Trainee: 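If you scroll down you'll find the structure; I have some questions about it.
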There are 6 protein chains.
Amino acid sequence: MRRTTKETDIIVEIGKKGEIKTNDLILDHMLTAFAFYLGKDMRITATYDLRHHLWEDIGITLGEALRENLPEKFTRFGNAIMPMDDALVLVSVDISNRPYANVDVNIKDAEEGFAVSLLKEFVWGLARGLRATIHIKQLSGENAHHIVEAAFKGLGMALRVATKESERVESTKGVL
Amino acid sequence: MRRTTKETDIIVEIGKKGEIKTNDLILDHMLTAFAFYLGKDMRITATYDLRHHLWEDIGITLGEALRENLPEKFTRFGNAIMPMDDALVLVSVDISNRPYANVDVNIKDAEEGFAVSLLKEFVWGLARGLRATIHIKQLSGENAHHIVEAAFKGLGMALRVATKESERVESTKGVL
Amino acid sequence: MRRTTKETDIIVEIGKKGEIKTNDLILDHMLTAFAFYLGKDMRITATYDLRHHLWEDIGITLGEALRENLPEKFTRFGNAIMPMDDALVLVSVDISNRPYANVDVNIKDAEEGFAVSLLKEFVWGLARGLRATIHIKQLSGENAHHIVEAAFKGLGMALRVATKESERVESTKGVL
Amino acid sequence: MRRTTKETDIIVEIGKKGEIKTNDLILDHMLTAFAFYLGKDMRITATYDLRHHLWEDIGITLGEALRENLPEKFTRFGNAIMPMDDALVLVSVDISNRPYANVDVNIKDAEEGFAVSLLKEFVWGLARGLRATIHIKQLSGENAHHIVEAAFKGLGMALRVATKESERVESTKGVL
Amino acid sequence: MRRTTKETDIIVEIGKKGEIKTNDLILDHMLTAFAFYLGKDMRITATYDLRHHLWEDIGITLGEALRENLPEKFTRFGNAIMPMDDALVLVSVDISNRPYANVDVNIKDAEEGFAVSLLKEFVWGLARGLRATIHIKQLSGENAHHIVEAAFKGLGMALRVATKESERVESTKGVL
Amino acid sequence: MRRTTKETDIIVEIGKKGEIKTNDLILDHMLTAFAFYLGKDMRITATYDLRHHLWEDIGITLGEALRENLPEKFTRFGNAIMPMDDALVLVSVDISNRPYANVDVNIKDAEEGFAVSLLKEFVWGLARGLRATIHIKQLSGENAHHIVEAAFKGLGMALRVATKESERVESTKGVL
Ligand SMILES: O=P(O)(O)C[C@@H](O)Cn1cncn1
Ligand SMILES: O=P(O)(O)C[C@@H](O)Cn1cncn1
Ligand SMILES: O=P(O)(O)C[C@@H](O)Cn1cncn1
Ligand SMILES: O=P(O)(O)C[C@@H](O)Cn1cncn1
Ligand SMILES: O=P(O)(O)C[C@@H](O)Cn1cncn1
Ligand SMILES: O=P(O)(O)C[C@@H](O)Cn1cncn1
Ligand SMILES: [Mn+2]
Ligand SMILES: [Mn+2]
Ligand SMILES: [Mn+2]
Ligand SMILES: [Mn+2]
Ligand SMILES: [Mn+2]
Ligand SMILES: [Mn+2]
Ligand SMILES: [Mn+2]
Ligand SMILES: [Mn+2]
Ligand SMILES: [Mn+2]
Ligand SMILES: [Mn+2]
Ligand SMILES: [Mn+2]
Ligand SMILES: [Mn+2]
């Protein structure tokens, strides 16, 4: 999946062994966590002007890539509760075709490179590209890196469950 | 399972392909959700005088029907965390033989047909008929329909887990 | 544009002389306002189970209908400030391909048939179907009908501006 | 229009196709937005010592360039209300010959490169170079980039209106 | 349009080149502003006993004169956002045939001759004579003269829009 | 696993049919719960001077016993949400090699033999002996016995998941 604008140029290829190299070492780490806990190899390359555009557009392109990869009938729902030392983060996903994100974190000890702005824009991008409902709810924690990385691990774990093949269309209304 | 009083007359048949028709369109939708996420066909028909009596007595009868269908040795415990757009609802069930319900929701945007009274009385009815401990804990949300429907989806998912056969009596005291 | 689920069956036909008949007299009035201030005839018909499903699905279908009718190059942005007696409501739209809604109203004098739940679900449906950013911000007011009707008038007026043909792709990133 | 001090050297040429290259990627993006929504090509080049000096002196030089470009009789007033996802920003301009700026924003989620100091100094610079009254009033929002970029888009849109030719001197006192 | 009582005698002639002379220098200035931003010449002369009676009765007579001059089918709605140095004032008009005024200002630095009483009574008079809904909402400001003059400029600008000819009766109910 | 100091002498033998006899009937019950929900037989015997030393040292010894039994590649993460009547307790474990415990309970109705001191010291002992991150987070509840027993049931259930064999080293850093 490739997405190109005048701001960013992003390639996300799920199922291909390859590097994750976005030219942002924080995002590279977060995406490495995401892919590891999703349980899939992926190749991700990006160029960008501003980090916000990178994080958001990575989210969009990753979402679109996940959507393209979905089986016809998929499990739809997946959750994860992820600890990382002091951090404890609930991640809940519904591949609902109703884009929505709610990211509720409370970072006490900030860390350079980790920003709520960037986390939120990645998650909104992902929600919009995948066309999904995504909740990130911090239950405990203080450290920025532990909170944000737990969220990315959790997204991977939750989507591992939600993107699995199902025997039915998982909606009482008969369509998503 | 049939339960008849001077107020209501209710039939719940689990495992039978059939209609869910209670003469309350909101409850029909909630029960459709419940059954879908439980993963069982059911036929439910009711007549009633007042909606409270309907919701409670449906809970009792459904609980009794679930209890009748349990294997001798069952998993006992099941949880679900269910998102619906803004709503995020935790449902926790223990088929404990200790009737108890705790329903903790916070509806900001009310909706006609959706009432905490009716939800609580359905859940207490279910707890009493099944003979179970049931928690409904809203983690996030504003919209009445999203919150209540998430609760019914969650009850279905949780009971899907809790009602499966187990290799042992699931209690250290040796009996339920 | 026809959209059909097990819950609702909706037709929205923009540019066609016809009636607006949803089987909800409040919504019929709101949509009549919307269409009048948009400056287009439309035919709308619906069947539904529950009013929430109606309001949301009308939003979705109307949004998709507006998206289908959008010129290749469109103005993208449109605003309205709409008074109705005590009410004064700001509506701001960006046809951004970034679904988002923020509805901030404060109804002091409630009115049967008018609910924040239903307004919010219509607007989120519209945002998701059109793929747009939509703000509704009450500046003044107390009366439910005045506030909500002002919002619908304002959506029509704002979308009248935003859906007009433009000479260019209205984004510095080169893509919408 | 060129302005040179011991701190900065800035060229702003309105109506010339060219690059916007200030050696600050955030400002380049903001100025690209400004020019796009103004509806004019411009060439902007700068060297600078400190970013504050750049932002302020860009504002001054851009203001002077806009002032030089004004027709004899101009519309004087222009407004914009600009959404960007969560952000909603009102921009109001009066080319009054009374330099004044009031920038009222509330950034909840900060972003590296985006600072209220720099926004305010650009706007004051612009107000002083153009000789104008400028209000930036955040109505909604949390994200720094969305708020600041909406302000720059809004300045462009507002000045598009205010700098258009008029049939009269737009003041009851007979002069500006 | 002439209106005579035992308290005041007022002539308002729209479209006539002429003096604005009410024997109140503050009101003469405000009305000069109003007429300038409306974009019409007018002749206004008054005698009065008390300033309140003047301001109110000028509003009534001006409203009646505007009403008399309306085309059969008129635009109905008009808004303005007007800055004046520190002041930023929103004016919203609906020629609704439902008299109503809401004037919400917050003057920090008072000025002799400028009073909320007089502004409010002019606006209510105008609403009653024209038969219109009028909102004046201060968004920012401290100085009495800047706030009140912005309101009069804004009323002129808003009514410039609202009083233009339209192709239709601008109401879904088919009549005003 | 035998651990002997001048204060305590503890045997924990996982996978062995035997009794749990610590000379503290509360701890015997808690450990019976832990083992049952872990899904393992175990033999535990202890002598001790002071109950704190017992609870802590049981934690340490049990943790070391679990660590000894861990497969080379293990699942690492496990969670449980456990109801017991009024109580609802979240337990989250990461076998991280980063000892940490956070126990957040709120006992309203105290019970002899049940103490936050002792619970916390058992959990910290377990965290240190296993070399793990352990969160215990009360979501609801009042009764001391229900809260504490839910925590022990939850630890068993969570560790059942976390101690299972995996196909890989469960860390992006390549080392645990
Ligand atoms: O789409 P699904 O499968 O979640 C079922 C819908 O009834 C949910 N819903 C969303 N808004 C009101 N109800
Ligand atoms: O009945 P179970 O299997 O949950 C085991 C009991 O010890 C629980 N309990 C209830 N009250 C005090 N303890
Ligand atoms: O897409 P457009 O036209 O609004 C231009 C983007 O730079 C906006 N943006 C959104 N998030 C950060 N920047
Ligand atoms: O200069 P203009 O056209 O806005 C008209 C002036 O009367 C405004 N003003 C500024 N301070 C007091 N009055
Ligand atoms: O008169 P219009 O054109 O604004 C349309 C009316 O429905 C408005 N309204 C006033 N009160 C309740 N509704
Ligand atoms: O050790 P793991 O597998 O959890 C991966 C690490 O990056 C986590 N981490 C801990 N502190 C900062 N990052
Ligand atoms: Mn963004
Ligand atoms: Mn890390
Ligand atoms: Mn009852
Ligand atoms: Mn529903
Ligand atoms: Mn909905
Ligand atoms: Mn109406
Ligand atoms: Mn400065
Ligand atoms: Mn941007
Ligand atoms: Mn009076
Ligand atoms: Mn003046
Ligand atoms: Mn100790
Ligand atoms: Mn017990």
Side-chain angles (χ1 to χ4, degrees), chain A residues 25-34 36-37 82-87 94 96-100 111-114 133 143-153 156 171-173, chain B residues 29 33 83-87 109 111 114 141-150 153, chain C residues 5 7-8 48-60 101 103 115-129, chain D residues 5 7-8 48-60 101 103 115-129, chain F residues 94 96 98 171-176:
Chain A
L25 298 182
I26 304 288
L27 188 57
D28 290 347
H29 181 43
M30 292 308 96
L31 295 169
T32 298
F34 174 79
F36 189 85
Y37 290 91
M82 195 71 20
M84 182 169 305
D85 298 2
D86 54 290
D94 168 3
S96 56
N97 202 29
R98 292 189 290 259
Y100 180 79
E111 189 167 308
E112 304 165 317
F114 288 89
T133 307
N143 184 278
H145 188 140
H146 297 162
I147 292 162
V148 174
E149 191 174 347
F152 277 87
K153 291 189 175 190
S171 178
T172 56
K173 78 192 180 297
Chain B
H29 179 45
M84 184 173 302
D85 298 2
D86 53 290
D109 307 327
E111 190 167 308
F114 289 88
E142 303 175 312
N143 181 277
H145 186 140
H146 299 161
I147 292 162
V148 175
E149 189 173 348
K153 291 190 175 187
Chain C
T5 76
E7 301 167 349
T8 63
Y48 68 94
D49 49 8
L50 296 184
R51 289 183 74 215
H52 178 135
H53 297 157
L54 175 67
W55 282 60
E56 174 164 2
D57 298 358
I58 284 279
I60 294 168
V103 176
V116 174
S117 169
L118 299 179
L119 173 62
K120 282 178 168 184
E121 287 298 288
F122 168 80
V123 176
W124 266 111
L126 182 60
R128 289 173 181 129
Chain D
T5 74
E7 298 169 351
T8 63
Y48 69 97
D49 50 5
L50 298 182
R51 288 183 74 213
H52 179 135
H53 298 156
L54 174 68
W55 284 59
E56 172 167 3
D57 295 2
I58 283 281
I60 295 168
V103 177
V116 173
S117 164
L118 298 179
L119 173 65
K120 286 183 173 177
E121 288 298 287
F122 167 82
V123 177
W124 265 111
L126 180 62
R128 291 170 178 135
Chain F
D94 170 1
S96 56
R98 292 188 293 257
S171 178
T172 58
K173 77 189 181 301
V175 182
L176 276 175

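Numbered from 1 within each chain, the chains take letters A, B, ... in sequence-line order. Both ligands and their constituent atoms are indexed starting at 1 by order of listing.
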Trainee: Please report the shortest heavy-atom distance between D:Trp55 and D:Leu118, naming the atom on each side.
Mentor: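 Distance-wise, the nearest heavy atoms are CE3-O, 3.4 Å.
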Trainee: Taking both backbone and side-chain atoms into account, decide whether C:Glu56 has an N/O/S atom under 2.8 Å from the Mn ion (ligand 11).
Mentor: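 Given the 2.8 Å cut-off, C:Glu56 counts as a ligand of the Mn ion (ligand 11).
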Trainee: Measure the acute angle between the ring planes of C:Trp124 and A:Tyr100, then classify it against the limits of 30° and 60° as parallel, tilted or perpendicular.
Mentor: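 Geometry flag for A:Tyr100 against C:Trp124: perpendicular rings.
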Trainee: Considering just N/O/S atoms, say which atom of A:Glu149 is closest to the Mn ion (ligand 8).
Mentor: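 So the atom name we want here is OE1.
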Trainee: Could you confirm whether D:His52 has any N/O/S atom lying under 2.8 Å from the Mn ion (ligand 13)?
Mentor: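 Looking at D:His52, which is the residue asked about, there is an N, O or S atom under 2.8 Å from the Mn ion (ligand 13).
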Trainee: Taking just the N, O or S atoms of C:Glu121, which one is nearest to the Mn ion (ligand 11)?
Mentor: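 C:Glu121's closest N, O or S atom to the Mn ion (ligand 11) is named OE1.
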Trainee: Report yes if the side chains of A:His146 and A:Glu111 come closer than 4.5 Å at any heavy-atom pair, otherwise no.
Mentor: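 In short, these two side chains do not touch, never coming nearer than 4.5 Å.
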Trainee: Within the 3.5 Å criterion, strictly below it, is a donor on A:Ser96 or A:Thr133 matched to an acceptor on the partner's side chain?
Mentor: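 Distance-only check passes for A:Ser96 and A:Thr133.
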Trainee: Any N/O/S atom of B:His145 sitting less than 2.8 Å from the Mn ion (ligand 11), backbone or side chain?
Mentor: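 Checking B:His145: none of its N, O or S atoms is under 2.8 Å.
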Trainee: Below 4.5 Å, heavy atoms only, C-beta onward: do D:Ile60 and D:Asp57 meet side chain to side chain?
Mentor: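 Yes, at least one pair of side-chain atoms sits under 4.5 Å.
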